[PDB]
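Structure, as structure tokens:
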Amino acid sequence: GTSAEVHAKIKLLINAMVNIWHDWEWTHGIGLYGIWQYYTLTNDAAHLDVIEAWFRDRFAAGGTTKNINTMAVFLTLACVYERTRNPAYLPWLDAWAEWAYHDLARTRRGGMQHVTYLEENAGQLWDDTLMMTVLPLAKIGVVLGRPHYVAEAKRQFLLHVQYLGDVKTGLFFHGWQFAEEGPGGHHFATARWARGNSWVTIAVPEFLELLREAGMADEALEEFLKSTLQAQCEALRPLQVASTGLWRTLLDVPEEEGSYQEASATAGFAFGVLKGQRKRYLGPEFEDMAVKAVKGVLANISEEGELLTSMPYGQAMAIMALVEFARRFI
Amino acid sequence: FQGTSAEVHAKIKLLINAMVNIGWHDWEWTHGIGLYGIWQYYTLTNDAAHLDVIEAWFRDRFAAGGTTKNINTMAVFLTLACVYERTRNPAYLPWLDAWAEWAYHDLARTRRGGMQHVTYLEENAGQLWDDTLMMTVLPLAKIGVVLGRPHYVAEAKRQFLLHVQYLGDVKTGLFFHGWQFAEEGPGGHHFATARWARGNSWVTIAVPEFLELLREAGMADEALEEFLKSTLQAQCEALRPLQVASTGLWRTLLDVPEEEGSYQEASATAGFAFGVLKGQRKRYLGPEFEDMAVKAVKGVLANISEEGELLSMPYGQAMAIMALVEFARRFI
């Protein structure tokens, strides 16, 4: 595999994903972000146009209701605003960040409750929150010059590591449920999902970079989150399927119990591990693991530009992985 | 309160004189909180005699050549840094420098960069204990403040995050005593459960002291403070139903009945009492734990003999001193 081939796969994925896409869910958050990351790499105006056209059309349709998932797209919007300074985005950045900071339901200990469209999910913390709401909030705090947003995001990272982290394995539980009354609580099913864990593998390097670039980095926090990411990668290493480079949907569950290989979540891991190494949050010891994962993703991408349950999720993760992989050829 | 400020002060002085006139002329894992308890009383009442005891202790040990550096002997330098901050005694500078440099650079590190609980007799490879926060982390942090070495403080913040991560038990809100990193591969295991009163009280003491240390030094972090506050809050909520309502004491194994050999322990109760009282006073906690904390103090008072002993003995006296001194803060 060469540079030209990788880029061709990226464009195949992007074209297939956007010419599929005309809704607003959490998949659009990572979908737009993958396209944005490719734009920061190659500076192709067509990719920026795709992003700007998406927001232009949704905003014209009155936008959407606010929850943990719909918040995801505003990580990209904040990134775009940082470059274009488009004043049209300002009331959107302001309104949704103010909601996430002030109005979004809080669990015990001040954790961001995983409120969805259908479900209130009282007292629940999920893994994807870090990617879906916390990082959008942090980035808006940077671009609008509102440091308290960023402080709150740091807090949420500490809270989610605390209440989802599993130091015995180095992996993460999917969800935490605070007790209705009294102290403590319980994790949902004490399950270590590939997709859920991948959100941490993605969010941590993205968050560490965001802070450093904004001049808002804290050394203790960076060292802590670095060791946390390191611990997860060490756990991922023997769990990877050596023959394919993919991980199983239930990471620590063997295939004889029904835990099938999952290319989409593998792509998510691939991005985080590659980026973690590039930004030097990790050493080079996971490079072979990450390259194997990339090869596994490439082998599971169809000629239609599809993986495989969520198809735009798979395409989004594959885009993020291959774009970050393409960064190695500069 | 069916008692007086004056009686509490009398009990404090009873404990101090009992602990000091005792041994006291050794250098062990108890002298850290022993000296600190005396220091905290000095900051309250400004009696030169109490500062005299502290400075005499350091003077005699330093003249005797000090001791070897481990996670426990480091404890006394929390007080030394606190004393230096006020008196600016240059005689303390090489000691503060040498021991902080050891803690920062030389002290053995576990995986994830955690401070290994190295003691006088054992290396304890790959082990993190609860008391490390008070024994070494707080000394390092305070020296970083008084010497103007911010990287010490950053490391201290890092250690607090690591120990909450690897000793915290979110299911109960309590803390495990110890953690073992696997020799090879990811993960590991906790040892001596998350039910020890003494062990948990070390965390209840360390968190308010650390938060206050940072704020007074102008090195406080909002996210960190909110995080450690909620963590302390979570532990206090766990302790509330576990307290013996009639005596105000906690059992040595917090969730284990006396019927099964878990007796009430005044020493650890004194530890909890200090942390909860100071947590409220500094507003890290709300007033909701006031009844719990006051009943704990009354339990400690009721278990102080006329010879100023509880029922380690100096450990008990040291904890009781810290508890009653902080309780005395409420009367001014």
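Quick note on naming: the chains in the structure tokens go A, B, ... in the order shown, residues restart at 1 in each chain, and ligands are numbered from 1 in order of appearance.
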Check your understanding: Leaving out range 301-306 of chain A and any residue of its chain fewer than 4 positions from it, which residues lie within 12 Å of it when counting only C-alpha atoms, given as number ranges by chain?
Key -> A: 6, 8-20, 263-264, 267, 294-297, 310-319, 322
For C-alpha atoms, I'd like the residues from the last selection saved as a PDB file, in the first residue's frame.
ATOM      1  CA  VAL A   6      -4.605   5.409   0.707  1.00  0.00           C
ATOM      2  CA  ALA A   8      -7.965   7.045  -3.209  1.00  0.00           C
ATOM      3  CA  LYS A   9      -9.606   4.964  -0.482  1.00  0.00           C
ATOM      4  CA  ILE A  10     -10.247   8.108   1.562  1.00  0.00           C
ATOM      5  CA  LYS A  11     -12.036   9.819  -1.326  1.00  0.00           C
ATOM      6  CA  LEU A  12     -14.004   6.654  -2.108  1.00  0.00           C
ATOM      7  CA  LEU A  13     -15.210   6.590   1.498  1.00  0.00           C
ATOM      8  CA  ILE A  14     -16.020  10.309   1.623  1.00  0.00           C
ATOM      9  CA  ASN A  15     -17.932  10.309  -1.672  1.00  0.00           C
ATOM     10  CA  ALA A  16     -19.897   7.217  -0.647  1.00  0.00           C
ATOM     11  CA  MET A  17     -20.702   8.635   2.788  1.00  0.00           C
ATOM     12  CA  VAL A  18     -21.952  12.047   1.646  1.00  0.00           C
ATOM     13  CA  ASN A  19     -23.753  10.821  -1.482  1.00  0.00           C
ATOM     14  CA  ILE A  20     -25.640   8.275   0.606  1.00  0.00           C
ATOM     15  CA  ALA A 263     -13.787  -3.454  11.450  1.00  0.00           C
ATOM     16  CA  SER A 264     -15.538  -0.163  12.242  1.00  0.00           C
ATOM     17  CA  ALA A 267     -10.670   1.875  12.558  1.00  0.00           C
ATOM     18  CA  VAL A 294      -5.157  -0.193   9.173  1.00  0.00           C
ATOM     19  CA  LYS A 295      -4.519  -3.141   6.847  1.00  0.00           C
ATOM     20  CA  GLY A 296      -7.525  -4.917   8.345  1.00  0.00           C
ATOM     21  CA  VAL A 297      -9.709  -1.881   7.702  1.00  0.00           C
ATOM     22  CA  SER A 310     -24.150   1.585  11.413  1.00  0.00           C
ATOM     23  CA  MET A 311     -22.794   2.166   7.909  1.00  0.00           C
ATOM     24  CA  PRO A 312     -22.024   5.900   8.168  1.00  0.00           C
ATOM     25  CA  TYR A 313     -20.300   5.147  11.480  1.00  0.00           C
ATOM     26  CA  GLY A 314     -18.021   2.625   9.788  1.00  0.00           C
ATOM     27  CA  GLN A 315     -17.278   4.969   6.899  1.00  0.00           C
ATOM     28  CA  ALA A 316     -16.566   7.821   9.318  1.00  0.00           C
ATOM     29  CA  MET A 317     -14.161   5.777  11.448  1.00  0.00           C
ATOM     30  CA  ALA A 318     -12.398   4.407   8.371  1.00  0.00           C
ATOM     31  CA  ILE A 319     -11.951   7.946   7.053  1.00  0.00           C
ATOM     32  CA  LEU A 322      -6.837   6.453   6.907  1.00  0.00           C
TER      33      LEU A 322
END
Only residues of chain A matter here; which ones have an atom within 10 Å of chain B, counting only C-alpha atoms? Give them as a PDB file with N, CA, C and O atoms, in the first residue's frame.
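Saved result, selection_34.pdb, follows:
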ATOM      1  N   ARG A 108     -24.998  12.809  39.570  1.00  0.00           N
ATOM      2  CA  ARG A 108     -24.262  13.012  40.806  1.00  0.00           C
ATOM      3  C   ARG A 108     -22.794  13.251  40.457  1.00  0.00           C
ATOM      4  O   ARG A 108     -22.330  12.825  39.398  1.00  0.00           O
ATOM      5  N   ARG A 109     -22.080  13.945  41.343  1.00  0.00           N
ATOM      6  CA  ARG A 109     -20.674  14.325  41.144  1.00  0.00           C
ATOM      7  C   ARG A 109     -20.492  15.303  39.979  1.00  0.00           C
ATOM      8  O   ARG A 109     -19.364  15.597  39.580  1.00  0.00           O
ATOM      9  N   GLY A 110     -21.598  15.804  39.438  1.00  0.00           N
ATOM     10  CA  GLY A 110     -21.551  16.804  38.384  1.00  0.00           C
ATOM     11  C   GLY A 110     -21.216  16.262  37.007  1.00  0.00           C
ATOM     12  O   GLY A 110     -20.815  17.014  36.118  1.00  0.00           O
ATOM     13  N   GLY A 111     -21.383  14.957  36.822  1.00  0.00           N
ATOM     14  CA  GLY A 111     -21.114  14.338  35.537  1.00  0.00           C
ATOM     15  C   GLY A 111     -22.180  14.668  34.509  1.00  0.00           C
ATOM     16  O   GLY A 111     -23.356  14.795  34.846  1.00  0.00           O
ATOM     17  N   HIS A 148     -13.833  28.717  30.920  1.00  0.00           N
ATOM     18  CA  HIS A 148     -14.600  27.921  31.873  1.00  0.00           C
ATOM     19  C   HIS A 148     -15.225  26.707  31.188  1.00  0.00           C
ATOM     20  O   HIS A 148     -15.449  25.677  31.826  1.00  0.00           O
ATOM     21  N   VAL A 150     -13.600  25.027  28.967  1.00  0.00           N
ATOM     22  CA  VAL A 150     -12.455  24.127  28.911  1.00  0.00           C
ATOM     23  C   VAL A 150     -12.199  23.460  30.259  1.00  0.00           C
ATOM     24  O   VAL A 150     -11.886  22.270  30.322  1.00  0.00           O
ATOM     25  N   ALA A 151     -12.336  24.232  31.333  1.00  0.00           N
ATOM     26  CA  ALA A 151     -12.170  23.701  32.681  1.00  0.00           C
ATOM     27  C   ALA A 151     -13.211  22.624  32.964  1.00  0.00           C
ATOM     28  O   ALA A 151     -12.910  21.600  33.577  1.00  0.00           O
ATOM     29  N   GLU A 152     -14.436  22.864  32.506  1.00  0.00           N
ATOM     30  CA  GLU A 152     -15.527  21.912  32.676  1.00  0.00           C
ATOM     31  C   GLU A 152     -15.263  20.630  31.892  1.00  0.00           C
ATOM     32  O   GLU A 152     -15.598  19.535  32.343  1.00  0.00           O
ATOM     33  N   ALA A 153     -14.655  20.774  30.719  1.00  0.00           N
ATOM     34  CA  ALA A 153     -14.332  19.627  29.878  1.00  0.00           C
ATOM     35  C   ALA A 153     -13.251  18.761  30.518  1.00  0.00           C
ATOM     36  O   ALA A 153     -13.308  17.532  30.448  1.00  0.00           O
ATOM     37  N   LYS A 154     -12.267  19.407  31.136  1.00  0.00           N
ATOM     38  CA  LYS A 154     -11.222  18.698  31.866  1.00  0.00           C
ATOM     39  C   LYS A 154     -11.835  17.888  33.001  1.00  0.00           C
ATOM     40  O   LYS A 154     -11.461  16.739  33.237  1.00  0.00           O
ATOM     41  N   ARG A 155     -12.785  18.506  33.696  1.00  0.00           N
ATOM     42  CA  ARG A 155     -13.506  17.863  34.787  1.00  0.00           C
ATOM     43  C   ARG A 155     -14.255  16.622  34.307  1.00  0.00           C
ATOM     44  O   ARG A 155     -14.217  15.576  34.952  1.00  0.00           O
ATOM     45  N   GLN A 156     -14.929  16.747  33.167  1.00  0.00           N
ATOM     46  CA  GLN A 156     -15.707  15.646  32.609  1.00  0.00           C
ATOM     47  C   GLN A 156     -14.821  14.488  32.163  1.00  0.00           C
ATOM     48  O   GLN A 156     -15.230  13.327  32.219  1.00  0.00           O
ATOM     49  N   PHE A 157     -13.608  14.803  31.719  1.00  0.00           N
ATOM     50  CA  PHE A 157     -12.657  13.764  31.340  1.00  0.00           C
ATOM     51  C   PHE A 157     -12.208  12.978  32.565  1.00  0.00           C
ATOM     52  O   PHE A 157     -12.086  11.756  32.515  1.00  0.00           O
ATOM     53  N   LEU A 158     -11.971  13.684  33.666  1.00  0.00           N
ATOM     54  CA  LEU A 158     -11.586  13.040  34.916  1.00  0.00           C
ATOM     55  C   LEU A 158     -12.726  12.190  35.469  1.00  0.00           C
ATOM     56  O   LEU A 158     -12.501  11.094  35.982  1.00  0.00           O
ATOM     57  N   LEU A 159     -13.949  12.701  35.359  1.00  0.00           N
ATOM     58  CA  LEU A 159     -15.123  11.998  35.870  1.00  0.00           C
ATOM     59  C   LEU A 159     -15.407  10.712  35.100  1.00  0.00           C
ATOM     60  O   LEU A 159     -15.725   9.683  35.694  1.00  0.00           O
ATOM     61  N   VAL A 161     -13.273   8.962  33.223  1.00  0.00           N
ATOM     62  CA  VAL A 161     -12.194   8.007  33.450  1.00  0.00           C
ATOM     63  C   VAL A 161     -12.410   7.311  34.792  1.00  0.00           C
ATOM     64  O   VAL A 161     -12.183   6.108  34.930  1.00  0.00           O
ATOM     65  N   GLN A 162     -12.878   8.078  35.771  1.00  0.00           N
ATOM     66  CA  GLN A 162     -13.117   7.564  37.114  1.00  0.00           C
ATOM     67  C   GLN A 162     -14.260   6.550  37.163  1.00  0.00           C
ATOM     68  O   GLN A 162     -14.142   5.502  37.797  1.00  0.00           O
ATOM     69  N   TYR A 163     -15.362   6.862  36.488  1.00  0.00           N
ATOM     70  CA  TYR A 163     -16.577   6.062  36.613  1.00  0.00           C
ATOM     71  C   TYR A 163     -16.790   5.055  35.484  1.00  0.00           C
ATOM     72  O   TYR A 163     -17.796   4.347  35.467  1.00  0.00           O
ATOM     73  N   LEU A 164     -15.851   4.986  34.546  1.00  0.00           N
ATOM     74  CA  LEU A 164     -15.944   4.009  33.463  1.00  0.00           C
ATOM     75  C   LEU A 164     -14.662   3.194  33.333  1.00  0.00           C
ATOM     76  O   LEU A 164     -14.660   2.116  32.737  1.00  0.00           O
ATOM     77  N   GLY A 165     -13.576   3.714  33.893  1.00  0.00           N
ATOM     78  CA  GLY A 165     -12.292   3.042  33.826  1.00  0.00           C
ATOM     79  C   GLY A 165     -12.263   1.738  34.599  1.00  0.00           C
ATOM     80  O   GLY A 165     -12.854   1.624  35.673  1.00  0.00           O
ATOM     81  N   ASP A 166     -11.575   0.748  34.041  1.00  0.00           N
ATOM     82  CA  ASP A 166     -11.404  -0.541  34.702  1.00  0.00           C
ATOM     83  C   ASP A 166      -9.919  -0.870  34.815  1.00  0.00           C
ATOM     84  O   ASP A 166      -9.341  -1.481  33.916  1.00  0.00           O
ATOM     85  N   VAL A 167      -9.311  -0.463  35.925  1.00  0.00           N
ATOM     86  CA  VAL A 167      -7.870  -0.598  36.117  1.00  0.00           C
ATOM     87  C   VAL A 167      -7.402  -2.053  36.125  1.00  0.00           C
ATOM     88  O   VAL A 167      -6.230  -2.334  35.869  1.00  0.00           O
ATOM     89  N   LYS A 168      -8.317  -2.973  36.414  1.00  0.00           N
ATOM     90  CA  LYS A 168      -7.984  -4.393  36.432  1.00  0.00           C
ATOM     91  C   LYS A 168      -7.642  -4.906  35.035  1.00  0.00           C
ATOM     92  O   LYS A 168      -6.820  -5.807  34.883  1.00  0.00           O
ATOM     93  N   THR A 169      -8.274  -4.325  34.020  1.00  0.00           N
ATOM     94  CA  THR A 169      -8.028  -4.733  32.641  1.00  0.00           C
ATOM     95  C   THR A 169      -7.324  -3.638  31.846  1.00  0.00           C
ATOM     96  O   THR A 169      -6.611  -3.919  30.884  1.00  0.00           O
ATOM     97  N   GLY A 170      -7.528  -2.389  32.253  1.00  0.00           N
ATOM     98  CA  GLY A 170      -6.969  -1.257  31.538  1.00  0.00           C
ATOM     99  C   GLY A 170      -7.931  -0.758  30.478  1.00  0.00           C
ATOM    100  O   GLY A 170      -7.644   0.198  29.758  1.00  0.00           O
ATOM    101  N   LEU A 171      -9.080  -1.417  30.384  1.00  0.00           N
ATOM    102  CA  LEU A 171     -10.112  -1.031  29.433  1.00  0.00           C
ATOM    103  C   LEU A 171     -11.191  -0.203  30.122  1.00  0.00           C
ATOM    104  O   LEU A 171     -11.051   0.168  31.288  1.00  0.00           O
ATOM    105  N   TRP A 176     -22.110   3.847  33.271  1.00  0.00           N
ATOM    106  CA  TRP A 176     -22.208   3.825  34.726  1.00  0.00           C
ATOM    107  C   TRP A 176     -23.561   4.361  35.181  1.00  0.00           C
ATOM    108  O   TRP A 176     -24.036   5.380  34.682  1.00  0.00           O
ATOM    109  N   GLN A 177     -24.175   3.664  36.130  1.00  0.00           N
ATOM    110  CA  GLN A 177     -25.457   4.085  36.680  1.00  0.00           C
ATOM    111  C   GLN A 177     -25.318   4.465  38.148  1.00  0.00           C
ATOM    112  O   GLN A 177     -25.036   3.615  38.994  1.00  0.00           O
ATOM    113  N   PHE A 178     -25.507   5.746  38.446  1.00  0.00           N
ATOM    114  CA  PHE A 178     -25.501   6.206  39.827  1.00  0.00           C
ATOM    115  C   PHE A 178     -26.700   5.639  40.571  1.00  0.00           C
ATOM    116  O   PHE A 178     -27.798   5.554  40.021  1.00  0.00           O
ATOM    117  N   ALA A 179     -26.481   5.240  41.820  1.00  0.00           N
ATOM    118  CA  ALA A 179     -27.558   4.726  42.652  1.00  0.00           C
ATOM    119  C   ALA A 179     -28.633   5.789  42.832  1.00  0.00           C
ATOM    120  O   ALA A 179     -28.326   6.966  43.027  1.00  0.00           O
ATOM    121  N   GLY A 182     -28.547   6.837  48.068  1.00  0.00           N
ATOM    122  CA  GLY A 182     -27.374   6.331  48.755  1.00  0.00           C
ATOM    123  C   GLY A 182     -26.116   6.466  47.920  1.00  0.00           C
ATOM    124  O   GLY A 182     -26.147   7.051  46.837  1.00  0.00           O
ATOM    125  N   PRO A 183     -24.997   5.924  48.421  1.00  0.00           N
ATOM    126  CA  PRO A 183     -23.702   6.015  47.742  1.00  0.00           C
ATOM    127  C   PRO A 183     -23.509   4.951  46.666  1.00  0.00           C
ATOM    128  O   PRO A 183     -24.248   3.968  46.622  1.00  0.00           O
ATOM    129  N   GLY A 184     -22.520   5.161  45.805  1.00  0.00           N
ATOM    130  CA  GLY A 184     -22.133   4.169  44.819  1.00  0.00           C
ATOM    131  C   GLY A 184     -23.075   4.015  43.642  1.00  0.00           C
ATOM    132  O   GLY A 184     -23.745   4.962  43.229  1.00  0.00           O
ATOM    133  N   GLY A 185     -23.117   2.802  43.102  1.00  0.00           N
ATOM    134  CA  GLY A 185     -23.903   2.499  41.922  1.00  0.00           C
ATOM    135  C   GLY A 185     -23.318   1.293  41.218  1.00  0.00           C
ATOM    136  O   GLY A 185     -22.624   0.488  41.838  1.00  0.00           O
ATOM    137  N   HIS A 186     -23.580   1.167  39.922  1.00  0.00           N
ATOM    138  CA  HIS A 186     -23.086   0.024  39.167  1.00  0.00           C
ATOM    139  C   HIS A 186     -22.891   0.350  37.693  1.00  0.00           C
ATOM    140  O   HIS A 186     -23.558   1.229  37.146  1.00  0.00           O
ATOM    141  N   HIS A 187     -21.971  -0.363  37.053  1.00  0.00           N
ATOM    142  CA  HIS A 187     -21.821  -0.279  35.609  1.00  0.00           C
ATOM    143  C   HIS A 187     -22.931  -1.099  34.960  1.00  0.00           C
ATOM    144  O   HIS A 187     -23.484  -2.001  35.590  1.00  0.00           O
ATOM    145  N   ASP A 218      -2.395  21.253  30.847  1.00  0.00           N
ATOM    146  CA  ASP A 218      -1.933  21.045  32.213  1.00  0.00           C
ATOM    147  C   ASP A 218      -1.083  19.782  32.246  1.00  0.00           C
ATOM    148  O   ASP A 218      -1.505  18.733  31.762  1.00  0.00           O
ATOM    149  N   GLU A 219       0.115  19.890  32.810  1.00  0.00           N
ATOM    150  CA  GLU A 219       1.084  18.799  32.758  1.00  0.00           C
ATOM    151  C   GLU A 219       0.612  17.561  33.514  1.00  0.00           C
ATOM    152  O   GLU A 219       0.763  16.439  33.031  1.00  0.00           O
ATOM    153  N   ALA A 220       0.043  17.768  34.698  1.00  0.00           N
ATOM    154  CA  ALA A 220      -0.468  16.664  35.503  1.00  0.00           C
ATOM    155  C   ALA A 220      -1.582  15.927  34.769  1.00  0.00           C
ATOM    156  O   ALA A 220      -1.603  14.696  34.728  1.00  0.00           O
ATOM    157  N   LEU A 221      -2.503  16.690  34.186  1.00  0.00           N
ATOM    158  CA  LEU A 221      -3.617  16.112  33.443  1.00  0.00           C
ATOM    159  C   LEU A 221      -3.135  15.350  32.215  1.00  0.00           C
ATOM    160  O   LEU A 221      -3.625  14.259  31.922  1.00  0.00           O
ATOM    161  N   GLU A 222      -2.175  15.926  31.498  1.00  0.00           N
ATOM    162  CA  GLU A 222      -1.637  15.285  30.306  1.00  0.00           C
ATOM    163  C   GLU A 222      -0.936  13.977  30.661  1.00  0.00           C
ATOM    164  O   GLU A 222      -1.142  12.962  30.001  1.00  0.00           O
ATOM    165  N   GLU A 223      -0.115  14.007  31.707  1.00  0.00           N
ATOM    166  CA  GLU A 223       0.589  12.811  32.159  1.00  0.00           C
ATOM    167  C   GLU A 223      -0.387  11.728  32.607  1.00  0.00           C
ATOM    168  O   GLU A 223      -0.175  10.542  32.351  1.00  0.00           O
ATOM    169  N   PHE A 224      -1.460  12.146  33.273  1.00  0.00           N
ATOM    170  CA  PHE A 224      -2.476  11.219  33.754  1.00  0.00           C
ATOM    171  C   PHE A 224      -3.220  10.558  32.599  1.00  0.00           C
ATOM    172  O   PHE A 224      -3.354   9.335  32.554  1.00  0.00           O
ATOM    173  N   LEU A 225      -3.699  11.372  31.665  1.00  0.00           N
ATOM    174  CA  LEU A 225      -4.446  10.862  30.520  1.00  0.00           C
ATOM    175  C   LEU A 225      -3.547  10.087  29.559  1.00  0.00           C
ATOM    176  O   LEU A 225      -4.015   9.195  28.850  1.00  0.00           O
ATOM    177  N   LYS A 226      -2.261  10.425  29.535  1.00  0.00           N
ATOM    178  CA  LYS A 226      -1.293   9.689  28.724  1.00  0.00           C
ATOM    179  C   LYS A 226      -1.118   8.271  29.250  1.00  0.00           C
ATOM    180  O   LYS A 226      -1.118   7.309  28.481  1.00  0.00           O
ATOM    181  N   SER A 227      -0.966   8.149  30.565  1.00  0.00           N
ATOM    182  CA  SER A 227      -0.799   6.848  31.201  1.00  0.00           C
ATOM    183  C   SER A 227      -2.073   6.020  31.076  1.00  0.00           C
ATOM    184  O   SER A 227      -2.019   4.794  30.964  1.00  0.00           O
ATOM    185  N   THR A 228      -3.217   6.697  31.097  1.00  0.00           N
ATOM    186  CA  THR A 228      -4.507   6.036  30.935  1.00  0.00           C
ATOM    187  C   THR A 228      -4.648   5.477  29.522  1.00  0.00           C
ATOM    188  O   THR A 228      -5.089   4.342  29.333  1.00  0.00           O
ATOM    189  N   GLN A 230      -2.106   4.860  27.514  1.00  0.00           N
ATOM    190  CA  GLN A 230      -1.067   3.840  27.435  1.00  0.00           C
ATOM    191  C   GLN A 230      -1.565   2.507  27.983  1.00  0.00           C
ATOM    192  O   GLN A 230      -1.304   1.450  27.406  1.00  0.00           O
ATOM    193  N   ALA A 231      -2.291   2.569  29.094  1.00  0.00           N
ATOM    194  CA  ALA A 231      -2.828   1.376  29.740  1.00  0.00           C
ATOM    195  C   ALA A 231      -3.834   0.657  28.845  1.00  0.00           C
ATOM    196  O   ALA A 231      -3.863  -0.571  28.794  1.00  0.00           O
ATOM    197  N   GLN A 232      -4.657   1.430  28.141  1.00  0.00           N
ATOM    198  CA  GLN A 232      -5.661   0.853  27.254  1.00  0.00           C
ATOM    199  C   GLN A 232      -5.012   0.170  26.056  1.00  0.00           C
ATOM    200  O   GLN A 232      -5.419  -0.922  25.658  1.00  0.00           O
ATOM    201  N   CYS A 233      -4.002   0.820  25.485  1.00  0.00           N
ATOM    202  CA  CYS A 233      -3.302   0.288  24.323  1.00  0.00           C
ATOM    203  C   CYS A 233      -2.565  -1.003  24.664  1.00  0.00           C
ATOM    204  O   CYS A 233      -2.507  -1.927  23.852  1.00  0.00           O
ATOM    205  N   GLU A 234      -2.007  -1.062  25.869  1.00  0.00           N
ATOM    206  CA  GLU A 234      -1.335  -2.268  26.337  1.00  0.00           C
ATOM    207  C   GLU A 234      -2.332  -3.413  26.468  1.00  0.00           C
ATOM    208  O   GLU A 234      -1.997  -4.572  26.225  1.00  0.00           O
ATOM    209  N   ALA A 235      -3.560  -3.077  26.848  1.00  0.00           N
ATOM    210  CA  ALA A 235      -4.624  -4.067  26.975  1.00  0.00           C
ATOM    211  C   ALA A 235      -5.120  -4.515  25.605  1.00  0.00           C
ATOM    212  O   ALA A 235      -5.483  -5.675  25.414  1.00  0.00           O
ATOM    213  N   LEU A 236      -5.131  -3.587  24.655  1.00  0.00           N
ATOM    214  CA  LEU A 236      -5.598  -3.869  23.302  1.00  0.00           C
ATOM    215  C   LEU A 236      -4.652  -4.796  22.545  1.00  0.00           C
ATOM    216  O   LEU A 236      -5.083  -5.560  21.681  1.00  0.00           O
ATOM    217  N   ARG A 237      -3.365  -4.724  22.877  1.00  0.00           N
ATOM    218  CA  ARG A 237      -2.326  -5.431  22.130  1.00  0.00           C
ATOM    219  C   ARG A 237      -2.538  -6.951  22.039  1.00  0.00           C
ATOM    220  O   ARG A 237      -2.501  -7.504  20.940  1.00  0.00           O
ATOM    221  N   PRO A 238      -2.760  -7.637  23.177  1.00  0.00           N
ATOM    222  CA  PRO A 238      -2.943  -9.083  23.005  1.00  0.00           C
ATOM    223  C   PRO A 238      -4.355  -9.455  22.556  1.00  0.00           C
ATOM    224  O   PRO A 238      -4.585 -10.589  22.136  1.00  0.00           O
TER     225      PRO A 238
END
Quick one: residues within 12 Å of residue 257 in chain B, only C-alpha atoms, excluding same-chain residues fewer than 4 positions away - as a compact mmCIF listing (two decimals) with C-alpha atoms, in the first residue's frame?
# COMPACT_ATOMS: atom_id res chain seq x y z
CA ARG B 195 -13.12 -1.62 53.96
CA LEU B 242 -21.52 2.92 58.37
CA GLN B 243 -21.03 5.07 61.48
CA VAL B 244 -22.12 3.58 64.81
CA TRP B 250 -16.52 3.54 62.74
CA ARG B 251 -15.53 -0.13 62.79
CA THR B 252 -11.97 -1.11 61.82
CA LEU B 253 -13.46 -2.95 58.86
CA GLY B 261 -14.53 -9.22 64.87
CA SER B 262 -14.61 -5.71 63.44
CA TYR B 263 -14.35 -3.57 66.58
CA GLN B 264 -14.95 0.18 66.81
Using only C-alpha atoms, which residues of range 155-259 of chain B come within 12 Å of range 72-79 of chain B, and what is the closest atom pair for each, with the distance in Å to one decimal? Give it as CSV, sorted by chain and residue number.
residue,atom,partner,partner_atom,distance
B:206,CA,B:78,CA,11.5
B:209,CA,B:78,CA,10.7
B:210,CA,B:78,CA,11.2
B:213,CA,B:78,CA,10.9
**Study point:** Atom pair CA of residue 323 in chain A / CA of residue 56 in chain A: separation (Å)
**Key:** 24.8 Å
Practice item. Please provide the set of residues having any atom within 9 Å of residue 297 in chain B, restricted to only C-alpha atoms, with same-chain residues fewer than 2 positions apart removed, written as a ChimeraX atom specification. Key: /B:248-249,269-270,273-274,292-295,299-302,320,323-324,327
Practice item. Go through range 225-327 of chain B and collect every residue that DSSP, computed from the backbone, puts in strand (DSSP E); the answer should be as a list in words. Key: residues 250, 251, 264 and 265 of chain B
Since we have the selection now, will you write its residues out, keeping N, CA and C atoms, as a PDB file, in the first residue's frame?
ATOM      1  N   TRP B 250     -16.423   4.496  63.835  1.00  0.00           N
ATOM      2  CA  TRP B 250     -16.519   3.536  62.745  1.00  0.00           C
ATOM      3  C   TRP B 250     -15.790   2.257  63.136  1.00  0.00           C
ATOM      4  N   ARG B 251     -16.172   1.146  62.518  1.00  0.00           N
ATOM      5  CA  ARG B 251     -15.526  -0.131  62.788  1.00  0.00           C
ATOM      6  C   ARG B 251     -14.254  -0.255  61.955  1.00  0.00           C
ATOM      7  N   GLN B 264     -14.945  -1.267  67.023  1.00  0.00           N
ATOM      8  CA  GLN B 264     -14.954   0.175  66.810  1.00  0.00           C
ATOM      9  C   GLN B 264     -13.565   0.754  67.064  1.00  0.00           C
ATOM     10  N   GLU B 265     -13.122   1.643  66.180  1.00  0.00           N
ATOM     11  CA  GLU B 265     -11.775   2.195  66.271  1.00  0.00           C
ATOM     12  C   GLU B 265     -11.798   3.718  66.368  1.00  0.00           C
TER      13      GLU B 265
END
Check your understanding: What separation in Å, quoted to one decimal, exists between CA of residue 229 in chain A and CA of residue 132 in chain B?
Key -> 23.7 Å
Check your understanding: If you measure from CA of residue 272 in chain A to CA of residue 184 in chain B, what distance in Å do you get, rounded to one decimal?
Key ->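 Result for CA of residue 272 in chain A versus CA of residue 184 in chain B: 23.6 Å, one decimal.
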**Study point:** Counting only C-alpha atoms, the option among B:127, B:147, B:121, B:87 closest to residue 217 in chain B
**Key:**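 Answer, going by the shortest atom-to-atom distance: B:147.
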